[PDB]
Every structure is written in structure tokens, then in C-alpha cells.
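Undergrad: Please find one structure pasted underneath; my questions will follow.
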Amino acid sequence: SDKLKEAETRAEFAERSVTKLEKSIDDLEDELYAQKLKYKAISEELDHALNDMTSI
Amino acid sequence: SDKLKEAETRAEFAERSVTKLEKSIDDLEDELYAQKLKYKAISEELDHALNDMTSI
Amino acid sequence: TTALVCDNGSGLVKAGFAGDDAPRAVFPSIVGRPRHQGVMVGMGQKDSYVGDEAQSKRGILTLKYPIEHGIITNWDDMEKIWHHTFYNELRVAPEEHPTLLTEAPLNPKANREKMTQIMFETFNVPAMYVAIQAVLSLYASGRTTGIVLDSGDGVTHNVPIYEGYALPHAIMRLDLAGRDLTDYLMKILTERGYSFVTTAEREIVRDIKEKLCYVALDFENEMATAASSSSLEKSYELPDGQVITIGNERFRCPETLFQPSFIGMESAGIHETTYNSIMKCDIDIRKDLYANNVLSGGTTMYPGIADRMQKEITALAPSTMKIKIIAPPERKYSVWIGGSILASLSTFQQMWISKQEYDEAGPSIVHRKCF
Amino acid sequence: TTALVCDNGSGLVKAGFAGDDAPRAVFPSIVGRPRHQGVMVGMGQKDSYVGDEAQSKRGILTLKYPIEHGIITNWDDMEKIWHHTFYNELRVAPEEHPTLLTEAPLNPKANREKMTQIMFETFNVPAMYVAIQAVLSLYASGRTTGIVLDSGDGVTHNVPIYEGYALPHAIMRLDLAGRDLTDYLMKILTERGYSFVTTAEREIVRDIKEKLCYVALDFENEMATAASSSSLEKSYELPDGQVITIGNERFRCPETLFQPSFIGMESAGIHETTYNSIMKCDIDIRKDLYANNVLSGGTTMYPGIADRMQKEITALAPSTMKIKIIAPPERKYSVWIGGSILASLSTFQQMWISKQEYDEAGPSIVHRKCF
Ligand SMILES: Nc1ncnc2c1ncn2[C@@H]1O[C@H](COP(=O)(O)OP(=O)(O)O)[C@@H](O)[C@H]1O
Ligand SMILES: Nc1ncnc2c1ncn2[C@@H]1O[C@H](COP(=O)(O)OP(=O)(O)O)[C@@H](O)[C@H]1O
Ligand SMILES: [Mg+2]
Ligand SMILES: [Mg+2]
């Protein structure tokens with residue numbers, strides 16, 4: 001009985017940890033996507049600048 | 001005894017899964033660090049071009 | 001010879017020879033005289049059962065801890081505990097072994113001086129050294145920087161260290177610890193009908209706290225959930241039957257750590273005294289302290305505390321810094337493992353307070369260069 | 001063999017072998033003893049971190065520059081800096097290499113004599129020569145005339161030269177430089193709420209000054225614009241988060257150069273001491289000096305100074321003369337590049353102060369023919 005209780009507690013702890021880790025990794029992926037979006041926006045602005053500089 | 005074996009197996013799988021998730025989040029955090037370095041460098045270069053052009 | 005790494009603590013005395021992985025003998029530090037009369041003759045009844053023997057005869061004893069909050073309030077009982085630890089749990093005479101006690105930060109001087117005087121006069125050790133309980137816990141993690149929150153059973157203290165240089169002006173010692181959580185749990189259990197009063201039943205409430213309580217990730221959501229469903233009610237069997245069911249007392253007992261207003265204490269929780277301890281440090285070592293926050297001590301073993309504390313500090317701290325909380329699985333014995341490592345070092349071998357030095361300067365030698 | 005072109009400076013020590021384009025090792029000249037106690041044993045903690053190592057552990061050090069204003073105020077620390085420069089940043093023993101130090105104009109004699117005595121007795125070089133920091137900056141520009149304004153970090157001096165003949169009566173040395181600008185910036189930042197006090201945070205204020213400040217073309221118009229719009233407010237992230245926003249402190253910090261009344265100094269700005277230095281020269285070489293005004297030194301790297309200075313001098317000077325300001329992109333290392341060129345010359349190879357000459361006349365040899 002003692003061993004079973006220990007195992008059950010370990011399982012609950014690990015499950016909660018996996019839930020937190022999944023949420024955190026999803027949030028960080030969202031943040032990376034946002035920063036990539038900003039980089040792409042300024043890169044397209046610079047590409048337009050280069051297109052005009054082709055006439056420069 | 002049978003129930004203890006089952007619970008121990010599920011807890012061990014949960015531990016392995018959380019280890020895999022922690023490694024994955026480490027990888028993605030490192031990738032975000034690299035992209036943050038990229039944005040820092042590109043903004044620094046843009047500022048350098050700005051100061052060179054304003055200062056001839 | 002080998003050194004004895006004793007660690008008085010408050011609640012569990014942990015001892016063992018230097019150079020191992022785990023303490024050899026761990027037993028509660030309680031000394032309980034019998035309280036009833038006693039009618040059987042020749043039963044061999046002693047006058048005081050100490051250590052783990054008094055956790056089995058606790059039904060007819062009045063257990064009383066000799067260490068209240070880090071400080072020692074009853075020197076005769078503490079001497080008895082030390083004598084038991086040396087002679088019966090380790091069976092090594094102290095005349096042939098150096099000792100390395102541990103002491104909380106910001107403790108009264110007289111306590112430390114009396115400790116060294118006892119060790120040199122009664123037990124007559126060759127040489128003893130007193131070390132701050134947080135530096136050892138930093139040793140055990142294998143780091144050299146970091147801010148360690150050592151929430152023991154007597155007192156919770158938070159010592160920041162950088163590059164080996166301790167910052168004496170940033171130590172924040174708070175007297176909420178495991179014992180106050182036990183008393184608060186014993187006080188809120190009365191809301192369901194279970195009354196524990198005797199000093200022996202405090203041990204039962206401590207066992208309930210250890211086995212069932214956990215720290216909630218978000219307090220209000222848990223309070224709302226436990227008040228609607230019944231998925232939290234976990235039952236527990238007393239030492240005589242009559243199982244009890246703990247409802248939302250599960251996460252309300254250890255919540256006192258983050259809201260010391262529950263037990264009437266004014267100060268801020270362990271989530272905000274760490275941030276205050278960091279902010280007192282210099283502006284250039286705050287990133288390293290943010291990234292190397294270390295947990296230690298017994299009371300930091302609640303399931304789910306390493307996430308609640310990280311969430312709280314991330315809320316307080318600036319958004320750019322990375323907050324990482326080191327929570328090794330061997331948290332309880334972290335201080336003693338660090339003590340073993342420190343005693344096993346060759347560079348440390350000349351820092352002991354040799355007996356001839358004590359004979360020349362008296363017990364006040366401990367405050368001197370040999371710290 | 002090759003010569004060592006060291007350049008003590010005040011704020012950055014620049015060194016390297018003669019005949020290259022850039023100094024091999026550039027690192028701040030600060031020596032910082034630790035100030036806290038230190039609890040980790042065996043961490044290998046040294047007693048003084050010099051050079052670039054003390055810019056990484058600056059959180060627990062007390063950095064102190066050994067050179068105040070050109071002159072050297074703490075000879076032991078300067079000796080330590082030189083020893084580090086020779087042995088760890090270049091890894092060449094000085095017993096087999098001539099050295100070419102540099103010195104500001106109008107400095108105390110004892111400083112120069114002690115410098116040569118150290119170089120000949122402690123490090124035991126074969127031969128050393130001391131050169132004025134402005135002639136080298138004129139070498140690097142490839143000119144042979146011109147009036148050079150070498151606004152370093154310690155002291156700003158303005159040496160006019162014509163056809164290779166220096167004019168000793170027209171050197172105007174002013175003690176306002178980069179360090180005073182750092183202190184003034186640190187003093188005006190307090191008007192928004194940011195307080196930097198520790199000697200370690202002076203480095204942070206220096207970084208703010210380097211990365212954000214710029215010299216305004218017209219001061220009153222900028223003061224009026226910054227007080228109405230908000231197009232100037234640039235933000236900056238401290239070493240721990242908590243970004244700060246610098247408003248009209250951006251162009252008010254380096255404006256002190258042209259109005260030394262801001263920090264209470266009486267003298268006229270760098271825009272008017274150049275004109276005064278020119279007017280002391282003879283009437284027939286003023287056109288050439290007007291046309292070949294040279295900028296050097298670190299502090300002349302502010303974005304937009306080569307236009308403000310030209311506008312000011314054109315306002316002061318007669319309307320017919322052409323005013324041209326030479327501002328090479330390699331301004332910071334101009335003195336060292338010139339030093340390398342001078343040390344690489346064949347005609348210069350017999351001007352070194354050979355050791356036997358020092359043995360015969362003592363340290364006072366430097367003031368003699370071997371200047
Ligand atoms: N597994 C656990 N879960 C929750 N609390 C615990 C656990 N183990 C110990 N504790 C609490 O920690 C206390 C022991 O702390 P400890 O680190 O031994 O104190 P000390 O610093 O005096 O040695 C006990 O009183 C108990 O209340
Ligand atoms: N890019 C920059 N922009 C503005 N100021 C600078 C810059 N680089 C250096 N400085 C200032 O110049 C100083 C360095 O001057 P430096 O020429 O190294 O002095 P020295 O003559 O002693 O070598 C620094 O203290 C800094 O305040
Ligand atoms: Mg402890
Ligand atoms: Mg210079």
C-alpha cells in the first residue's frame with residue numbers, strides 16, 4: 001500500500017509538470033512567432049527600400 | 001502488487017515524457033535566444049548606418 | 001581521521017561522517033519525560049527518552065523540542081541530544097573527531113558561544129567549526145553564485161552569494177517555517193471537527209501535513225474549485241482508525257508561506273522576500289541571482305512549490321530577465337551534503353578552531369578570524 | 001627585433017607591435033579590489049582584477065582608475081597595469097623589446113621620470129622613448145602641418161604644428177574630457193529619477209553616453225524641439241531590465257565641451273580654445289592651420305561634432321579663410337597608429353634612450369636631448 005501511494009503521487013506530480021511545460025512551450029513558440037513577424041515586416045520594408053535603391 | 005507495477009510503469013513513462021518536454025523547451029528557448037541575437041544585431045547595424053549617414 | 005558533520009537543525013538532527021552522500025542517522029530532536037505515574041516495578045523505565053525512541057512511546061510522554069527558532073532555549077536538553085547523537089546513533093567517541101556544526105544566520109551570539117563551549121568542555125572534541133546553513137546548501141548544488149532560500153523547520157533565511165563573496169547586508173531572515181505551518185494546520189483542522197491538542201498529536205498533524213498538503217499554483221482558482229467539486233478531498237487514517245477527510249485545508253496550510261498574514265505575521269511571503277533580497281544587491285549581479293535561485297531545506301518539499309515561486313517572481317521581476325529555480329530532488333539533506341563536501345576539502349583543513357586556540361582566547365574565539 | 005608601441009592613455013590602454021594597423025589588445029585601465037567578505041573556500045579568489053577582467057566582475061569590485069588627468073596618481077596600480085599588459089595581453093617578455101610610451105603635453109616632470117625609471121628598473125626594457133600624444137595623431141593623418149585637437153578621456157590638449165616645427169608657446173591644454181562628461185551625464189540623469197552612485201555604475205553611465213549622446217548642431221533649437229515633440233526620446237536597457245528613456249539629456253551631456261560653464265569650469269569651449277591656439281601662431285601660417293584642423297582622441301567620436309566645430313570656427317574666423325576639419329573614421333586609435341608609424345621609421349631608430357645612457361645620467365635623461 002505504501003508503494004502504491006508513492007507511485008500515485010509521483011504520477012500526479014509528473015502529469016502536472018508536463019501540463020505546465022506544454023503550456024510554457026506553446027507560449028514561447030507564440031513569442032518567437034511574433035518576433036519573427038516583426039523581423040519579416042522590417043525586412044519587407046528594407047526590401048522595398050532596396051527596390052527603390054535599384055533606381056538610386 | 002499488480003496495481004503497484006501498473007502505477008510505477010505509468011509514472012516512469014511520465015518522467016520520461018517530462019524529460020523529453022524539458023529538452024524540447026530548452027531547444028526552442030535556445031532558438032529564440034539566437035533569433036533575439038539576430039534582431040539585436042540587425043537593429044545595431046541599422047543604427048550604425050543611421051549614425052554614419054547622419055555623421056557622413 | 002574523519003570529521004563529524006553534525007547539523008543540529010530544528011526538528012530533525014542529521015549527522016554522519018564527512019565524505020558520504022547521505023547522513024548516517026536522521027531522527028527527530030525531541031526529549032520527552034514521562035508524565036503519568038507508572039505502576040509496574042522493574043520495567044526499566046528511564047527518565048527521558050530522546051530521539052527516535054520518543055516517537056514510539058509518544059503516547060505517554062510530553063515531547064518538547066529543545067530548539068525553538070534556530071536559537072536554543074533549553075541547554076540541558078540540547079546537551080542530552082548531542083550526547084545521544086554521538087554515542088548511540090554513531091557510536092564514535094568525540095575525543096577523536098572534529099565536528100562541524102551549522103547555525104542559522106543572524107542568530108544571537110550567546111547561542112554560538114555556548115555551543116562551542118559545550119563542544120570543547122563536555123564532549124572534549126579536538127576541533128570544531130560553525131558554518132552558516134546557507135553556504136553549505138550552495139556548496140551542495142555545485143554552484144558558486146546564486147541566492148539560496150533555506151526554508152527549514154525553525155526559521156526561513158535567504159542568503160544571496162555572488163562569486164563566493166557573501167553579501168552581509170542582503171540577508172533576509174524570516175521566522176515563519178514548518179513549525180508554524182504545523183500549528184496553523186492544526187488550527188484549521190478544527191473547522192471540520194477534528195481537534196488535536198496534545199503535544200503528541202502535533203506529530204500526527206505533522207504527518208498529515210507531510211503526506212497530503214501541496215502548494216496551489218493559483219490560490220483563488222483552487223479555492224473556487226474545492227468549493228464546488230469534490231475531487232480534492234483526500235482521506236487519511238489516524239493511528240487508531242477513524243479516517244479523516246481533508247478538503248481545501250490541503251493547499252491552505254502551505255499557502256501561509258506566500259501570505260504570512262494568515263497566521264497574523266506582518267511580513268511578506270517567501271515569494272517577495274527573495275525579490276527584496278535580490279534588489280538590495282548591486283545592479284550588476286542581479287541577472288545571475290535571478291538565473292540561479294536555489295531552494296533548500298525541508299519545507300520546500302511541497303509538491304508544486306517550484307512552479308508557484310517561479311510564477312510569483314516572474315510576475316515581480318522585469319520581463320527580460322530569465323527566472324530559474326533550482327530544486328534538486330535531494331533538497332532535505334542539501335545542507336548536510338554541502339557540509340560533507342566542505343569538511344572533505346583540503347583547503348579547509350586549516351580553518352578548524354583548534355583546542356589550544358580556544359584555551360588561549362576563551363569561547364569568544366568563534367567571532368574572531370576563525371569564523 | 002620589433003618595438004612595443006604602448007599607449008597608456010587614461011580610460012583605455014592600447015598596445016601592440018609596431019608596424020600593424022590596429023592595437024593588438026585594447027582594455028580599460030582599471031584595478032579593482034574586492035570589497036565584500038567572501039565565504040566560498042578554494043574558489044581561487046584573487047586580490048586585484050585588472051584590465052578587462054574587472055569589467056565582468058564589476059558587481060562586487062571597487063574599480064579605481066590609476067590615471068586621473070594625464071598624470072599618474074597611484075604608481076603601484078600603474079605598475080600592475082603595465083605588468084598585465086606585457087605578460088597577459090601580449091605575452092612578450094619586455095627584456096627583448098623597445099617600448100614607446102605616450103604622454104600628454106605640459107605634464108609634471110616627475111611623472112615622466114618615474115615612468116622611465118620603472119620601465120628601466122622593473123621591466124628592464126632595452127630602450128624606451130616618450131612621445132607627445134599629438135604629434136603621433138598628426139603622423140597618422142599623413143600630414144606634416146595642422147593643428148590637432150586630441151580630446152582624450154583624461155585631458156584635452158591642442159598642439160599646433162607647422163612644417164614639422166612645433167610651436168611650444170601655442171599649446172592650450174584643457175582638463176575637460178570624457179570623464180567629466182560621464183560625471184555630468186550621471187549628474188543630470190538624476191532629473192528623471194535614475195540614480196547611479198556606485199563606482200561600478202559609472203561604467204553603465206559611460207555606456208549610455210557612448211551609445212546615445214550626440215552633439216547638437218544648434219543648441220537652442222534642439223532645446224526647443226526636445227521640449228515640444230518627443231521624437232528624440234531614445235530608450236536603453238540596463239544590465240538588468242527596467243529600460244530608461246533619455247530625453248534632452250542626449251545632447252546636453254556633450255554640449256559641455258563647447259560650454260564648460262555647465263560643470264562650473266571657467267574656460268572657453270573646445271571651439272574657442274582652438275581659435276585662440278591658432279591666433280597665438282604667426283600671421284603667415286594661420287591659413288594652413290585653418291585648412292588642416294585635425295580631430296583625434298576618443299571623445300571626438302560624438303555623432304555630429306565635426307559639423308558643430310566647423311560652424312563655430314567659421315563663425316569666429318575671418319570670412320575669407322577656408323575652414324576644414326579632418327575627422328578620419330579611425331579616430332580612436334589615431335594616436336596609436338601614428339605611434340606605430342613613428343616606431344617603424346628608419347630615421348627614428350637612433351633616437352631611443354639606450355639603457356647604458358640611462359645608467360650614466362639617471363632618470364633625468366628624458367628631459368635631455370633624447371626628449
Ligand atoms: N516531504 C515533505 N513534505 C512536506 N513537508 C516536509 C516534508 N519533509 C519535511 N517536511 C517539513 O520540514 C521539516 C523538516 O525540515 P528540516 O529541513 O529537517 O529542518 P532543519 O533545517 O531543522 O533540518 C518537518 O518539520 C516538516 O514539517
Ligand atoms: N563611440 C564613442 N562615442 C562617444 N564617446 C566615446 C566613444 N568611444 C569612446 N568614447 C569616450 O572616449 C573615452 C576613451 O577615450 P580614449 O581615446 O581611449 O582616451 P585615451 O586618450 O586615454 O586613450 C571613453 O571614456 C569614452 O567616454
Ligand atoms: Mg536546515
Ligand atoms: Mg589619447
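Chain labels run A, B, ... following the order of the C-alpha cells; each chain numbers its residues from 1, and ligands are numbered from 1 in the order shown.
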Produce as a PyMOL selection string the set of residues near ligand 4, where near means within 9 Å with only C-alpha atoms and all ligand atoms considered.
TA: chain D and resi 7-12+102-104+133-134+137+150-156+296-298+332-336
Undergrad: Residues of the last selection are to be written out with N, CA, C and O atoms, as a compact mmCIF listing (two decimals), in the first residue's frame.
TA:
```txt
# COMPACT_ATOMS: atom_id res chain seq x y z
N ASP D 7 50.56 52.62 -25.22
CA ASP D 7 49.96 53.95 -25.15
C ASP D 7 49.07 53.99 -23.93
O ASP D 7 47.91 53.58 -24.00
N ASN D 8 49.60 54.51 -22.82
CA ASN D 8 48.92 54.39 -21.54
C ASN D 8 47.52 54.99 -21.60
O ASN D 8 46.54 54.35 -21.21
N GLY D 9 47.41 56.22 -22.08
CA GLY D 9 46.09 56.79 -22.13
C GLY D 9 45.52 56.93 -20.73
O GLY D 9 46.20 56.77 -19.72
N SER D 10 44.22 57.22 -20.69
CA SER D 10 43.52 57.28 -19.41
C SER D 10 42.08 56.84 -19.67
O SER D 10 41.23 57.64 -20.04
N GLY D 11 41.82 55.56 -19.44
CA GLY D 11 40.50 55.03 -19.73
C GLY D 11 40.55 53.79 -20.58
O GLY D 11 39.76 52.86 -20.38
N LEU D 12 41.47 53.75 -21.54
CA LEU D 12 41.69 52.56 -22.36
C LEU D 12 43.17 52.47 -22.68
O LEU D 12 43.74 53.39 -23.27
N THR D 102 53.52 57.08 -24.46
CA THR D 102 52.99 58.37 -24.89
C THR D 102 52.55 59.16 -23.67
O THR D 102 52.12 58.58 -22.67
N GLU D 103 52.67 60.49 -23.76
CA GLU D 103 52.45 61.37 -22.63
C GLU D 103 51.78 62.65 -23.12
O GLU D 103 52.11 63.15 -24.19
N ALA D 104 50.85 63.16 -22.33
CA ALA D 104 50.18 64.39 -22.69
C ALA D 104 51.15 65.57 -22.59
O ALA D 104 52.16 65.49 -21.88
N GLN D 133 51.46 63.06 -27.27
CA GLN D 133 50.34 62.34 -27.85
C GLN D 133 49.76 63.01 -29.08
O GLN D 133 48.95 62.39 -29.77
N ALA D 134 50.12 64.26 -29.37
CA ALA D 134 49.50 64.93 -30.50
C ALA D 134 50.32 64.78 -31.78
O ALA D 134 49.76 64.70 -32.87
N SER D 137 49.25 61.65 -33.49
CA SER D 137 47.98 61.79 -34.19
C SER D 137 48.15 62.58 -35.46
O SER D 137 47.36 62.43 -36.40
N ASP D 150 43.29 66.82 -29.58
CA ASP D 150 43.27 65.43 -29.15
C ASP D 150 42.48 65.30 -27.85
O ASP D 150 43.02 65.24 -26.76
N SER D 151 41.16 65.24 -27.99
CA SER D 151 40.27 65.23 -26.83
C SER D 151 40.13 63.81 -26.32
O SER D 151 39.19 63.09 -26.66
N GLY D 152 41.05 63.40 -25.47
CA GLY D 152 41.03 62.05 -24.92
C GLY D 152 39.94 61.88 -23.88
O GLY D 152 38.89 62.53 -23.91
N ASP D 153 40.20 60.97 -22.95
CA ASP D 153 39.29 60.76 -21.83
C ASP D 153 39.80 61.44 -20.56
O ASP D 153 39.01 61.74 -19.67
N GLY D 154 41.09 61.68 -20.46
CA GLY D 154 41.60 62.38 -19.31
C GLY D 154 41.69 63.87 -19.51
O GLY D 154 41.16 64.64 -18.72
N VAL D 155 42.34 64.30 -20.60
CA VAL D 155 42.67 65.70 -20.80
C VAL D 155 42.62 66.02 -22.28
O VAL D 155 43.02 65.21 -23.12
N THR D 156 42.13 67.21 -22.60
CA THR D 156 42.04 67.69 -23.97
C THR D 156 43.12 68.72 -24.22
O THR D 156 43.16 69.75 -23.54
N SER D 296 41.16 64.16 -33.15
CA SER D 296 41.64 62.85 -32.74
C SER D 296 40.99 62.49 -31.41
O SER D 296 40.04 63.13 -30.98
N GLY D 297 41.51 61.45 -30.78
CA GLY D 297 41.06 61.07 -29.46
C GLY D 297 39.66 60.49 -29.45
O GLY D 297 38.86 60.69 -30.37
N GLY D 298 39.35 59.77 -28.38
CA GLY D 298 38.08 59.09 -28.31
C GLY D 298 36.90 60.04 -28.26
O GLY D 298 35.93 59.87 -29.01
N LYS D 332 39.67 56.90 -32.91
CA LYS D 332 40.00 56.44 -31.57
C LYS D 332 41.44 55.97 -31.48
O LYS D 332 42.16 56.30 -30.54
N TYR D 333 41.89 55.20 -32.47
CA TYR D 333 43.23 54.65 -32.46
C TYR D 333 44.21 55.49 -33.26
O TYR D 333 45.27 54.98 -33.64
N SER D 334 43.88 56.74 -33.54
CA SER D 334 44.75 57.56 -34.36
C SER D 334 46.12 57.73 -33.71
O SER D 334 47.15 57.61 -34.38
N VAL D 335 46.14 57.98 -32.40
CA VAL D 335 47.42 58.15 -31.72
C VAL D 335 48.24 56.88 -31.81
O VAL D 335 49.45 56.93 -32.06
N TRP D 336 47.62 55.73 -31.62
CA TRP D 336 48.41 54.51 -31.68
C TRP D 336 48.88 54.19 -33.09
O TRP D 336 49.99 53.68 -33.27
```
Undergrad: I need the chain C residues near chain D as a ChimeraX atom specification; criterion: at most 8 Å, counting only C-alpha atoms.
TA: /C:135,144,162,164-167,282-287,318-321,347-348
Undergrad: For the selection just defined, write its residues with N, CA and C atoms to a file, as a short mmCIF file (atom, residue, chain, number, x, y, z; two decimals), in the first residue's frame.
TA:
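Result written to again12.cif:
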```cif
data_model
loop_
_atom_site.label_atom_id
_atom_site.label_comp_id
_atom_site.auth_asym_id
_atom_site.auth_seq_id
_atom_site.Cartn_x
_atom_site.Cartn_y
_atom_site.Cartn_z
N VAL C 135 25.40 28.67 3.08
CA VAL C 135 26.59 28.46 2.26
C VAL C 135 26.76 26.98 1.95
N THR C 144 28.64 28.39 -7.52
CA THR C 144 29.42 29.34 -6.75
C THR C 144 28.74 30.69 -6.63
N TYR C 162 27.48 35.87 -4.36
CA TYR C 162 27.98 36.04 -5.71
C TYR C 162 29.47 35.75 -5.73
N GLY C 164 31.32 33.67 -4.67
CA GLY C 164 31.93 33.32 -3.41
C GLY C 164 31.96 34.44 -2.40
N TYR C 165 31.56 35.64 -2.76
CA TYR C 165 31.55 36.78 -1.84
C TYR C 165 30.13 36.97 -1.32
N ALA C 166 29.89 36.58 -0.08
CA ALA C 166 28.58 36.77 0.52
C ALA C 166 28.29 38.24 0.73
N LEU C 167 27.02 38.60 0.63
CA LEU C 167 26.58 39.98 0.78
C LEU C 167 25.90 40.13 2.14
N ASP C 282 23.79 44.63 -5.64
CA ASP C 282 24.24 45.60 -6.62
C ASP C 282 23.55 45.37 -7.96
N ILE C 283 23.58 46.40 -8.81
CA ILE C 283 22.80 46.37 -10.04
C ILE C 283 23.38 45.44 -11.09
N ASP C 284 24.62 44.99 -10.92
CA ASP C 284 25.28 44.21 -11.96
C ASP C 284 25.27 42.72 -11.70
N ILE C 285 24.84 42.26 -10.53
CA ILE C 285 24.81 40.84 -10.25
C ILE C 285 23.38 40.36 -10.09
N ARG C 286 22.41 41.19 -10.45
CA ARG C 286 21.03 40.78 -10.30
C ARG C 286 20.62 39.75 -11.34
N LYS C 287 21.19 39.79 -12.54
CA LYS C 287 20.84 38.79 -13.54
C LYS C 287 21.28 37.40 -13.10
N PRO C 318 11.60 42.12 -13.66
CA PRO C 318 11.49 42.67 -15.01
C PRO C 318 11.31 41.56 -16.04
N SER C 319 10.59 41.89 -17.12
CA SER C 319 10.18 40.89 -18.09
C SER C 319 11.34 40.29 -18.88
N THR C 320 12.49 40.96 -18.94
CA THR C 320 13.56 40.46 -19.78
C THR C 320 14.38 39.36 -19.09
N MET C 321 14.61 39.49 -17.79
CA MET C 321 15.45 38.53 -17.08
C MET C 321 14.82 37.14 -17.10
N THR C 347 41.68 22.50 1.28
CA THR C 347 41.93 23.91 1.56
C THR C 347 41.31 24.34 2.88
N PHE C 348 40.24 23.68 3.30
CA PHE C 348 39.53 24.00 4.53
C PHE C 348 40.17 23.40 5.76
#
```
Undergrad: Select from chain B every residue with an atom at most 10 Å from any atom of chain D, then for each give the shortest pair of atoms and their distance in Å to one decimal, using only C-alpha atoms, rows by chain and rising number, as JSON lines.
TA:
```
{"residue": "B:47", "atom": "CA", "partner": "D:211", "partner_atom": "CA", "distance": 9.9}
{"residue": "B:51", "atom": "CA", "partner": "D:303", "partner_atom": "CA", "distance": 6.5}
{"residue": "B:52", "atom": "CA", "partner": "D:303", "partner_atom": "CA", "distance": 8.1}
{"residue": "B:53", "atom": "CA", "partner": "D:303", "partner_atom": "CA", "distance": 9.8}
{"residue": "B:54", "atom": "CA", "partner": "D:304", "partner_atom": "CA", "distance": 7.4}
{"residue": "B:55", "atom": "CA", "partner": "D:304", "partner_atom": "CA", "distance": 5.4}
{"residue": "B:56", "atom": "CA", "partner": "D:304", "partner_atom": "CA", "distance": 8.8}
```
Undergrad: Let me see the file: selected residues, N, CA, C and O atoms, as a compact mmCIF listing (two decimals), in the first residue's frame.
TA:
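The result, stored in again-v2.txt:
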```txt
# COMPACT_ATOMS: atom_id res chain seq x y z
N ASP B 47 21.23 51.09 -36.77
CA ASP B 47 21.66 52.28 -36.04
C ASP B 47 23.04 52.74 -36.49
O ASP B 47 23.30 53.95 -36.56
N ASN B 51 23.84 56.42 -37.95
CA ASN B 51 24.80 57.37 -37.41
C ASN B 51 25.87 57.71 -38.44
O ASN B 51 26.34 58.85 -38.49
N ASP B 52 26.27 56.74 -39.26
CA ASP B 52 27.22 57.03 -40.33
C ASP B 52 26.64 58.02 -41.33
O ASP B 52 27.32 58.95 -41.76
N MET B 53 25.37 57.84 -41.71
CA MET B 53 24.77 58.72 -42.72
C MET B 53 24.50 60.10 -42.15
O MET B 53 24.72 61.11 -42.82
N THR B 54 24.04 60.17 -40.89
CA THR B 54 23.82 61.47 -40.27
C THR B 54 25.14 62.19 -40.00
O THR B 54 25.19 63.42 -40.02
N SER B 55 26.21 61.43 -39.75
CA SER B 55 27.53 61.98 -39.49
C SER B 55 28.45 61.92 -40.71
O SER B 55 29.65 62.18 -40.58
N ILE B 56 27.91 61.57 -41.88
CA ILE B 56 28.67 61.46 -43.12
C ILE B 56 29.79 60.43 -42.98
O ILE B 56 29.60 59.25 -43.31
```
Undergrad: Just need the residues of chain B within 6 Å of chain A, counting only C-alpha atoms, so spit them out as a list in words.
TA: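 Using only C-alpha atoms, chain B residues at most 6 Å from chain A: residues 4, 7, 8, 11, 14, 18, 25 and 32 of chain B.
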Undergrad: Taking 2 positions as the minimum chain separation for residues in the same chain, which residues sit within 12 Å of residue 73 (chain D) when counting only C-alpha atoms? Answer as an MDAnalysis selection string.
TA: chainID D and resid 10 64:71 75:79 108 110:111 114:115
Undergrad: Return as number ranges by chain the full set of residues in region 209-242 of chain D whose backbone-based DSSP assignment is helix (DSSP H, G or I).
TA: D: 209-212, 219-226
Undergrad: Which RMSD value, in Å, follows from superposing chain B onto chain A on all C-alpha atoms in order by least squares?
TA: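 Between these identical-sequence chains, the C-alpha RMSD is 1.3 Å.
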